[PDB]
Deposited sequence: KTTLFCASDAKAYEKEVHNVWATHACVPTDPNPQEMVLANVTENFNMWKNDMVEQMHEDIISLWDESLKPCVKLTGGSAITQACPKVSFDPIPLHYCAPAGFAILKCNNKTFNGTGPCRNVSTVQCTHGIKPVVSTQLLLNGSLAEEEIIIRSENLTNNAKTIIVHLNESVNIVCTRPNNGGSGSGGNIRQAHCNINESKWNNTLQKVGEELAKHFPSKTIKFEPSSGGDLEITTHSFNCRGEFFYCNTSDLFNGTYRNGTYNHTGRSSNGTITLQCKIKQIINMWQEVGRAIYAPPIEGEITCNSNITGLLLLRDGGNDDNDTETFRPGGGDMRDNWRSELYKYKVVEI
């Protein structure tokens, strides 16, 4: 429960901003696979009370703040203009490390969520490679489970608390603004999707006995949370998910209800410059998007869900601390 610090492999000649922040504000990693394996001790974890997240969070905020400068930043009727220079942008892995004395407890093996008991435990100094991908609804470029899909929540019996669904077979998603220049779109292969929501539905049913399971879009709110919003090559993509998070889990099987066509599902995307910042409760304005093909080839690795004779589930997000929690669940700082 003390001051941690980051390590990475960020070359110092790279103009890309995450490297520029890293080099100046981090450390080159270590090739010491220091892994004090153990398997007695059955310790308690809690991925929701865990200061590593707040630590990381207010560092991603720093990163973003130093890096992506909006033309305008409004907050409390207070405008603050500056330069809007387009930059080079791509998540590099960060490792969070503890200084002496004493470091990081890590839970091992397969099906083990974020709360409570766990047996096989190792002790480490730093953590695995983590991209600080800022996104809603869908988790991108993240890790996988080495077995079966697993469900995470501070409380599933609470319709208010975000459900982090951790997958194990990633779903390819491809976003494009071709060569109306804030009109974009995203492709997602339909079978992998139906299959995914099938499995996730199956294990959702294992936590909600004999209820029909309905996947249905978000109720409403800001475009950041009611769509799959994310950053790509500096540009802020807001991607539709009406015909993605609609589908029915019935009888023991799942069937989709989203318009497909000869294989892939297409989502309508809008690039925007006015954004409601995830860092604080203000809003930022950037310059019009760069010209040319604006494309991102990304890996869907997790879901953010929100629950309402049927149980309804809608995509969540908003809070990036959750996005960090999705992978900082494993660990716990100790003496």
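In this chain, the deposited residues that lack C-alpha positions fall in the ranges 180 to 187, 317 to 322, 350.
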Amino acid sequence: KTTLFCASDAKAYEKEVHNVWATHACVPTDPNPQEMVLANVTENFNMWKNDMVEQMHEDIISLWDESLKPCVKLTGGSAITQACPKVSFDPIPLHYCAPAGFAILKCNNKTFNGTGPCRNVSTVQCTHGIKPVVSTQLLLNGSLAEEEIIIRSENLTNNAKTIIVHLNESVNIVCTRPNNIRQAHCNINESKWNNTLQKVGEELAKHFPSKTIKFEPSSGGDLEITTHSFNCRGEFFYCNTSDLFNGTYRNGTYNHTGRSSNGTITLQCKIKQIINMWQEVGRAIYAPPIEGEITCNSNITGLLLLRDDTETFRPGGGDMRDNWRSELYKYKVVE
From here on, numbers count along this sequence of modelled residues.
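Remark: stretch with higher mean C-alpha B factor among 167 to 175 and 225 to 233 is 167 to 175. Look at the C-alpha B-factors of 73 to 81 and of 259 to 267. On average they run higher in 259 to 267. Taking only the listed residues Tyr238, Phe89, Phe215, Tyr254, the entry reports the highest CA temperature factor at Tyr254. The PDB entry assigns the greatest CA B-factor among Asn276, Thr29, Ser62, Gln55 to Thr29. The entry lists a Cα temperature factor for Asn323 that places it in the lowest third of the chain's modelled residues. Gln198 sits in the highest third of its chain by CA B factor, as recorded in the PDB entry. Sort the modelled residues of the chain by CA B factor and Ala160 lands in the middle third. Ranked against the other modelled residues of its chain, the C-alpha B-factor of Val41 as given in the entry falls in the highest third. Ranked against the other modelled residues of its chain, the C-alpha B-factor of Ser135 as given in the entry falls in the lowest third.
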